[PDB]
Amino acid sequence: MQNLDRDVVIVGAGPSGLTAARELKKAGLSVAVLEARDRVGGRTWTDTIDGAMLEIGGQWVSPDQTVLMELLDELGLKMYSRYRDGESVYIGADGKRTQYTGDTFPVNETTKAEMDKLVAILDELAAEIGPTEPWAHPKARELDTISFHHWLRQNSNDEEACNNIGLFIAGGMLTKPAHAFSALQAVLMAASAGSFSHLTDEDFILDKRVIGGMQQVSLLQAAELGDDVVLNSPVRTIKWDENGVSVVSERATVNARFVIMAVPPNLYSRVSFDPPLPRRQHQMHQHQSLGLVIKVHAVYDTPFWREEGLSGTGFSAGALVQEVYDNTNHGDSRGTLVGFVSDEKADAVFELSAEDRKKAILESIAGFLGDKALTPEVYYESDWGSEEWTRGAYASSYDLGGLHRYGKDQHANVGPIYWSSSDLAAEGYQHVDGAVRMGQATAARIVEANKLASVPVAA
């Protein structure tokens, strides 16, 4: 049982907590990072499964994510682009598989125009409302008390268009059904990425990856922090008063002046607070939940789809696997596909045995890229739902109505206790870039709090 004294304790060694920790040390404050798992990285994790390197969690970098990109440059990390040559596959409402190129689905002209209409409206809302305080906008209550499902249908009678547009947010981002989150929540997602248009473009949101894996972002920061990072040490209790904390984890107890809960909001209540958090937090914390998505990994002897002039990209609002992409590692001679099974469809397939689920998922992928898909050398499902220190994927969002109700307090410190994760971010919301931005912003706030306590207040 280590017994440490530090300026700041950070709960969780994901990218948010680790970024905050480095920024704190840089500002002259000592830190300790207490991590539950036997590794750093949190929702980012590179592992080798039966001889195949896979990114089990977060991996994509988009062009809006300049903060993450600066960090990559500082860490000496390099990026590469997802393969996108050739034709993509779309399976529409008419059940027809059609290959295509360009920035437009091969849909009828009415559906194409309805999609453009919806996207333009959403782009305008995102620009008006912004990703920082969506809850504060005059349109917040209107937009946050109707589901995205119903909002779409108030604005278009075209079911195929509505389902496609829903796909980019529901299955694509929040990993919850469109009837379970609000239009305002969709607008926040869009604003956080620079526009709704950006979310519709896989060449934007799924543009690049980090050579060697996204987990390096955490691994390298942790290596630099040395044994200020304690692994296999879940935080159980935070005793606090107005002036500091004693944080009790399984392998270390740390006395400090501040603590950062650098964990997804659904896991806040895993920590006992003495005294309890205020009623506001007690309530707010219950109204948040992670989505659910199965990240499917299939490795083949070669990227077979390229032989047929396909990019490996596939979309279908109606399929079991709604999205598939080329996810071949930089320099690999084998080929890797990644597919996504979201929310209620994930529930459904989790009903099946592992064997039957694999079969159904591969058959769905074959629907896009052909029967070679049926027989990978390695098949693996990211299973973040089973992880007690995550419990879902990709990220947390409020229940319907919760964003405009609680958003204004999501960043509020409780005395010495701060909250920091990608789930709370504006730009980069729910993504590693957001995690990094939040780590930086929270460290800055603590630095400023420290400065106010140490510099005599002006007359």
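Note that residue numbering follows the sequence shown and begins at 1.
Between the stretches 180-188 and 204-212, it is 204-212 that shows the larger average CA temperature factor.
Remark: stretch with higher mean C-alpha B factor among 422-430 and 32-40 is 32-40. Of the candidates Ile121, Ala127, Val263, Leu199, it is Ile121 whose Cα B-factor is highest according to the PDB record. Comparing C-alpha B-factors across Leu143, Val338, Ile238, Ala360 in the deposited entry, the largest value falls on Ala360. The PDB entry assigns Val245 a C-alpha temperature factor belonging to the highest third of its chain's modelled residues. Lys25: CA B factor in the highest third of modelled residues in this chain (values from the PDB entry). The PDB entry assigns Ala412 a C-alpha temperature factor belonging to the lowest third of its chain's modelled residues. Split the chain's modelled residues into thirds by C-alpha temperature factor. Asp356 is in the highest one. The PDB entry assigns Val378 a C-alpha temperature factor belonging to the highest third of its chain's modelled residues.
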